[PDB]
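Chain naming here is simple, since letters A, B, ... match the order of the sequence lines and numbering starts at 1 in each.
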Amino acid sequence: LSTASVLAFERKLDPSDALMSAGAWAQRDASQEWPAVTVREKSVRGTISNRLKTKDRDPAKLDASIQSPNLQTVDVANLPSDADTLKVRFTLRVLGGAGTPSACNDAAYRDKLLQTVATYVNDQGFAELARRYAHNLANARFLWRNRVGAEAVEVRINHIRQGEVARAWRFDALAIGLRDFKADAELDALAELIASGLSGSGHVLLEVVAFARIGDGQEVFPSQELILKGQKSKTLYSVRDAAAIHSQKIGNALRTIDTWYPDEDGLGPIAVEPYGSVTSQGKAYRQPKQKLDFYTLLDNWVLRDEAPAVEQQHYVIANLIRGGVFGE
Amino acid sequence: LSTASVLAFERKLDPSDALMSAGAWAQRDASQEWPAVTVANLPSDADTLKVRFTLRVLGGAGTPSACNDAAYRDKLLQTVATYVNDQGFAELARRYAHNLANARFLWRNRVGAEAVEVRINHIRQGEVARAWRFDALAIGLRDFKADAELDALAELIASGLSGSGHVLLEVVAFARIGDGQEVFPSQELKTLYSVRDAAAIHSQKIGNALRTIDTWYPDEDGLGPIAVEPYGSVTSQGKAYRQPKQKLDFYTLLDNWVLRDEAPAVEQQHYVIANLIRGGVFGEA
Amino acid sequence: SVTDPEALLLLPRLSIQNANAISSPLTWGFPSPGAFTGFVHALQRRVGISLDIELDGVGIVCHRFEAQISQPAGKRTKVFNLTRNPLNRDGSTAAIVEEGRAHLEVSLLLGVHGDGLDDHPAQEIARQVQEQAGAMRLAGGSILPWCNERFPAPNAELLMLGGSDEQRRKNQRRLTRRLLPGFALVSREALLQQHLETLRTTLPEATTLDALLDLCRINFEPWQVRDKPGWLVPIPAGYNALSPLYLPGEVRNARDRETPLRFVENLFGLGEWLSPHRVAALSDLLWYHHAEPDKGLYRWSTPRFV
Amino acid sequence: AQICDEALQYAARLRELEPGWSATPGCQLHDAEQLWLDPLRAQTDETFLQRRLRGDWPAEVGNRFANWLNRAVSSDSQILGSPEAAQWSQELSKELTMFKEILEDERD
RNA sequence: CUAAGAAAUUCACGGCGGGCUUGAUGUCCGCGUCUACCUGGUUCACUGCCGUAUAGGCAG
C-alpha cells in the first residue's frame, strides 16, 4: 500500500479563451455584433529608469547610456473612441468524475483513492466547493486588470442545455465582494448546478459574459505572449485577430478559493495549487515544513487513513478537480 | 528590514490615446461631427483643432502589484500611511490639475497658437456631471500656484488618488493654431501615427505632459518643471539631471525613507509619491 | 629587463615562402627563435649603423602557418615534401638529403635604443628598416614584399618611454589591434623548472620532463586527460659547447679566418603561444640572446616576461 | 579567459579576409553586431544611430555571450545557497571589466 | 651575418557487370509571463514656383 509512481488527473472545469469585445453600455442586451478589440502597434521610447549598477557609479560608464535612447515597439489593446464597456465572453464546461485518475500504475492504490473520494462525496457534497467556484464566477475575477478602476462590472451566466438557454443568471459583480463568500438565493441556485456537474449528475455547460465599463478609449489588458521595427518588446495574445485572455489564466482566476493556510489572519483567497504559491508574491503558503500541503495531506488520508481537518479535505478535492501530474 | 528583489507598481493617472480632429470654428458646442485628419493634405476651412482623451484616476499609492517581501510591503504601506495622514494628495493633485488646465499635452501644436481652450468633464455615466472651461494661454504654465475654481478639480483628483470615488475625466482641447496649417501627430518607425485612419498622439506622450510636475530639484527654480522620472533625465535636449552622487534622487529618497525612517523638514516628498503614481519596475536587487 | 627599448618598431606583416621547418634534431614546425634574433642582427649591421640606432629585441607573432607535409596512408605521423635536386656529372640521381619547408606570415616588433631616434623623425626610421628588410631572407625563406588588391601594410613606430599612463595603455592597446589575428611565442623557462621539482614521484632530468609537457597524455579513471597550462611547445633554446674555443685560423674549413670556433650542441626548452591580450606591456614580449662565453652557453630567451 | 581570447580571435579573423557583405537574407535572430563583425567599409553602415563614429555600451555582445557561457551548463544544482557561487561571479565580473574599451577603439 | 649559403618529380591509362530492406505500434497530463516609457537626434528625390555661369514678383 504505497503511492503510485504515475498519477494523472484530467482537469475538471475547463474554460475556453476569452474573446474581448467592445461596445457601449446599455447596448449590452444586444451584444451579438460588437466588434472585436484588436491588437495594434505603437512605438515606445523612454529613458533609463532602473537602479544603476552599484559600485559602478564612476563617470566613465555613467555618461554613456543616459543620452542614447531606448526605442521599443509594443502591442496595445484599446477600446474604440465610441465604446466604453469591455465584453469578455468564454465558455465553461463542468465534467465530473473528480477522484478518478487518468493514468495510475497500482490498482490497490486506485481502489483506496476511489473509496476515499467516494466517502468524501456522500459525507458532504460538492456544494461547498461549487459554492466557492460560483462566487469567482459571480464576481468577475477573470477580469484581472480589466476590473480595477471600473464604473460597473456586470456578469451574465447562461446554462446551455441543448442549443439554447435553459436558465439565465444576472450578477452585478461589484456588490459581490472579493474577500467574503456570502450566500444568495440565485447564487446558491448556481452552486446547485455546478455541484450537480461535479458529481456527474447531469451535463453542464456555461457561457459567461462579463461587461466592465471602464471608459471610452481606455486600455484593456489581454494576456501577454512570450517573445521569441516590428513588435520587439510586447506581444499580446489574440486568436483570429481578436484580443484574448488565455484559458489557463481564467482557470487560475476560478480556482482562487483557498482560504485555509497554516498562517492566516485574513489575506484573501489564492489559487488552489500544491505548495500553494503566488506568482505575484514570490511565496509558497503550503510549505511542507508545515504539514498542511497537498501531497502530505493526500498521502496521509489515502495511505494512513489520517482523515484531515474537514476544511483541508476541501483543499485536497480542489486539487483533484484542477488536475495535475502527481506520483513522482 | 531591507529592500526586496522583485517589486513593481502600476500606472495610476493613465490617459488614453488622444485622437486629434480638425474642424471650423463657430461649431464648437455643436462639435458632434467634426472630421479627423484624413490621410496627408490639410484644408483651410478648418481653423482650429480638437484633441480628446479620457483619463482615469485610479487610487492606491504604495500598494505594489507584485512585491516580494511582506515586512517591506507593510513598511512601505505604513510610510504611505504616514504620508497620507499628514496631508491628502491635494498638493500633487493641484499640480496635476495645472497640467490639465492648459493644453500642455499639445507639445508643438500649442506653441504658435492664438487661443487654446480646455474643457474637462467629470462623468459618472454617459451623462456629464460637472464641466470645466479653462483658457490655456491665460493660465500659468510655470509657477505662482494661483487660479480660482481650479481647487475643485484638485480636490477631485485628490479624492480619486486617495480612493474617495471613481473619477473619470473626459477632456477636449480646442487649439486655434490658425486657419488650417499642417499639424504634427506622433510618428512611428517616417510615417505619422494613426489609430483607425485618424491621427493621434501616444498615451505615454499625452501622459508625459501630466507628470511634468517637478519644479523641485537641486538647481535654482528659474527654469521650471521637469517630468517626474527616476534619475530625472531629459532624453533629447541632452541634460541628464539628478545625479546619484548627490542624494536628491528617487531611489535614494525612497530607500532612506522606507528603511531608515527619515523625517527632517523634507516635506518635498511629492517627487517620491509622484514616482509611485507613475509606477514602474522599481529596482531591485 | 636588460636594455629597455625607447621605441618599438612594427614590421607589420612579413610573408615568407620556404622557411626551414626542421628547426632542430628533435623538434619541427615553426622555426627557431635564433633565426629571428639573427635576422634582427642582420638588420642591425645594414641600417643600424647608418641610422646610429640599435635594433636589439624582437617579438615573434605568427599569423598564418602552412607546412609542406603529407600524411602517409596508414600512419598517424607526417613526412616532408621535397625538391628534385640537379643530377651529377655522371648522369645519375644525387642523394636525397631531405629538407622541410613552410610558408609563413609573421609580424616583428623590433626594439630601438640609440640616439638616432632623437635626430631623425619616426617615419624616416621605419621606411629605412622596412625597405631594407625586403632585401633579406628570414629562415632560409624569402621575405616576399607586398603586392595585392588591398593596400600595403605600413611600418609604424611607438616611443614607449614617451607619454603618460593613459598613453601607456592607449599606445600598447593600439598595436595589439595589429597583432591579434596571430599568436606570440614567448619563453617559459620557469614552468619547465617548477615542473621538475613537481615530479617528486620519480627523480628525472629535464629531458624526459620536457617530453612530458608536449603530451595530450591520458590519465586513468580513479578516462580523463591531465590539465592544460596553455599551448606549450618545445623550442630550441640556444647552444652549449662540446669543445674548447679554437683560435681563429686553426680550422681551414671555417666561414672566415678571423673569428673563433666552437663545436656546439643544441639546448632545448619550453615556450608558449599566447594571444597578445594576455601581454601587459609589449616590450616584455621581446627576444634577446645573451651569451656566457666563459662557459659554453650561447642562448636566447624573452627576459622580463613574468 | 581562453574563450574570451578566442572570441576576439574569431572577431579578428572575420574582421579581415571578407571583402563583401550581403546581409539581407538568412538572419532572423542575429543583430546588433555592426561593432563586432563589421569593418568600416569607408561607408555609413549606420542603423539610424551614431554607429559610424561612436561605439559605446557594448553589452550587445559582452553580456550576450557572458550569458552564452552560463547556458553552456544547466545540470549544476547545488552551487546555489553557497559561498562558492560568489566565486563563479568573480571572473565574470572580471571579463566584464577587461572587455569594454577594446571594443570602442576600432571605430574612430 | 639567421641548423647560414644551392636545387625541375616526370611521362601514359576503360572500374564494371547484377540486385525486393521488410512486417507491427496510444506520447500524455498539469500550468498567471508581468510592470513602465516623448523617436521634441540628422528614419529614398508623389503629375500645376519664366535659363549650370554666382543674375531675377515664395497671402506654402
Side-chain angles (χ1 to χ4, degrees), chain A residues 6-11 43-47 49-50 67-72 74 101-103 144-145 221 223-227 229 233-234 245-253 271 273-274 278-280 322-326, chain B residues 6-11 64-66 107-108 181-182 184 186-191 201-209 227 229-230 234-238 278-282, chain C residues 20 22-25 31-42 44-46 82-86 93-94 97 99 136-140 236 239 255-256 266, chain D residues 46-50:
Chain A
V6 174
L7 275 165
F9 286 87
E10 288 171 358
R11 71 175 73 88
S43 300
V44 171
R45 188 182 73 184
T47 185
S49 177
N50 58 357
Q67 292 86 18
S68 178
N70 293 319
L71 183 59
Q72 279 76 243
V74 301
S102 302
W144 278 82
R145 201 183 173 188
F221 298 104
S223 66
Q224 183 171 357
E225 288 283 316
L226 181 59
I227 302 97
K229 180 69 176 177
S233 176
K234 180 184 281 188
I245 308 167
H246 289 160
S247 69
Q248 67 271 16
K249 193 170 179 66
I250 298 165
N252 194 130
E273 292 180 355
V278 184
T279 70
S280 67
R322 69 175 290 272
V325 184
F326 303 150
Chain B
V6 177
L7 179 134
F9 284 92
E10 290 180 353
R11 181 181 61 242
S65 66
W107 289 91
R108 57 89 50 87
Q181 292 85 17
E182 289 183 354
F184 295 87
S186 297
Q187 53 189 357
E188 291 283 322
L189 279 81
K190 179 174 173 65
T191 304
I201 307 169
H202 298 102
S203 69
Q204 63 269 15
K205 190 178 179 69
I206 294 298
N208 200 7
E229 184 72 29
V234 183
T235 182
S236 295
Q237 188 269 330
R278 180 185 180 269
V281 46
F282 289 152
Chain C
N20 194 5
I22 297 297
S23 168
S24 75
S32 176
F36 292 89
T37 67
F39 176 75
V40 67
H41 194 83
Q44 173 54 43
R45 57 183 286 149
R46 292 189 184 187
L82 301 179
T83 67
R84 178 187 279 173
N85 296 323
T93 63
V97 182
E99 292 183 355
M136 294 186 292
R137 289 170 61 179
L138 189 87
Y239 297 103
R255 281 178 65 178
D256 50 348
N266 277 303
Chain D
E46 66 187 3
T47 59
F48 189 64
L49 289 173
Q50 290 179 355

(request) Would you sketch RNA chain E in dot-bracket for me? Only Watson-Crick or G-U wobble pairs with both distances under 3.5 Å count, crossing pairs as [ ], other-strand pairs as |, the rest as dots. (result) ............................................................
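With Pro236(C) as the partner, the side-chain contact (heavy atoms from CB on, under 4.5 Å) test is satisfied by one option alone out of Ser24(C), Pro25(C), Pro31(C): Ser24(C).
Remark: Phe282(B) engages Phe9(B), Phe250(B) in a ring pair (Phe, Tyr, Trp, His ring centres under 6.0 Å) (not counting sequence neighbours). For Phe36(C), the ring pair (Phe, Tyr, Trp, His ring centres under 6.0 Å) partners at least two apart in sequence or on another chain are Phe30(C). Partners of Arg46(C) according to the side chain to side chain donor-acceptor pair (under 3.5 Å) rule, which considers only residues two or more places apart in sequence or in another chain, do not exist here. Applying the side chain to side chain donor-acceptor pair (under 3.5 Å) criterion to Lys229(A), with sequence neighbours excluded, gives no partner residue. Every residue was checked against the side chain to side chain donor-acceptor pair (under 3.5 Å) condition with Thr279(A), not counting sequence neighbours, and none meets it. Remark: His41(C) engages no residue in a ring pair (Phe, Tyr, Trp, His ring centres under 6.0 Å) (not counting sequence neighbours). For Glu10(A), the side chain to side chain donor-acceptor pair (under 3.5 Å) criterion is met by no residue, not counting sequence neighbours.
Looking at heavy-atom distances under 4.0 Å, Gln44(C) makes no contact with the nucleic acid at all. Within the nucleic acid shown, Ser49(A) has no heavy atom closer than 4.0 Å to any nucleic acid atom. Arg45(C) comes within 4.0 angstrom of a base, heavy atoms only. Across all strands, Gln72(A) comes closer than 4.0 Å to base atoms (heavy-atom distances). When heavy atoms are screened at a 4.0 angstrom cut-off, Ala42(C) is found touching base atoms of the nucleic acid. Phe9(A) comes within contact range of the sugar-phosphate backbone alone, with a heavy-atom separation under 4.0 Å but no base atom that close. When heavy atoms are screened at a 4.0 angstrom cut-off, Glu182(B) is found touching no nucleic acid atom at all. Nucleic acid contact class of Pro31(C) (heavy atoms, under 4.0 Å, all strands): none. Contact annotation for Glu46(D): backbone-only contact, meaning every heavy-atom pair under 4.0 Å involves sugar-phosphate atoms and none involves a base.
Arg45(A) and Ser236(B) share a side-chain donor-acceptor pair at under 3.5 Å.
With a positive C1'-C2'-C3'-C4' torsion, the sugar ring of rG30(E) falls in the north range.
In summary, contact between chain C and RNA chain E, defined as any nucleotide atom under 4.0 Å from a heavy atom of the protein, begins and ends at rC1(E) to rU10(E) in the 5' to 3' direction.
For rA55(E) and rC46(E), the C1' atoms lie 32 Å apart once the distance is rounded to whole Å. If you take atom P in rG57(E) and the same atom in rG51(E), they sit 11 Å apart, rounded to whole Å.
Where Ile227(A) and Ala8(A) meet RNA chain E, the nucleotide closest to each residue was compared, and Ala8(A) sits on the side nearer the 5' end. Residue-to-nucleotide proximity on RNA chain E shows that, of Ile22(C) and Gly324(A), the 5′-proximal contact is made by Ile22(C).
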